[PDB]
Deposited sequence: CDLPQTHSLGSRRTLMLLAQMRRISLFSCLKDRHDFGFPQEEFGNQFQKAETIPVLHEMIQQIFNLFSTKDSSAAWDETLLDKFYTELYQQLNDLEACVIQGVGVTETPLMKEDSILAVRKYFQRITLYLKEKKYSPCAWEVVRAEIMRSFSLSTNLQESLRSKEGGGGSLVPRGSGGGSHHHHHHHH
């Protein structure tokens, strides 16, 4: 709960540009909202996928490395606390984010749309 708020604070601190400059790049990622007792393996998959998305060479180029490490640490901290169709829907959701980023050639506006999208879907998953 407190580690969830620190993840959102670091994602907001990672912001480089305003999404107002990228409104034409908005996209519906179709997050399966009503997936959040058996919430542990779904939330666990969500955190791992967020880590996977934000730990590629592309993410290293697009974001401040210092904030990215505190961000991985916070995602890891949440996995410590926690420790199949739902997992698949989450995996499909992150595939759509990756496909969008590839199609948009990892532009700063595509990255800002994805950062703001993760701000929403992460806060939804963590209530």
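Sequence ranges 1-7, 44-49, 97-112, 157-188 have no coordinates in this entry (deposited sequence, numbered from 1, C-alpha basis).
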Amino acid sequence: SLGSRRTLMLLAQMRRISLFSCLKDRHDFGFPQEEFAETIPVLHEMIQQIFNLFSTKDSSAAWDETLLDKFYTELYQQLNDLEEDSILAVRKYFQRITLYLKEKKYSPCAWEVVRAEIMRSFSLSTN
From here on, numbers count along this sequence of modelled residues.
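Judged by mean Cα B factor in the deposited record, 59-67 ranks above the other of 59-67 and 46-54. Looking at 89-97 and 37-45 together, the entry lists the larger mean B-factor for 37-45, computed on C-alpha atoms. Sort the modelled residues of the chain by CA B factor and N80 lands in the highest third. In the deposited entry, the Cα temperature factor of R16 sits in the middle third of values across the chain's modelled residues.
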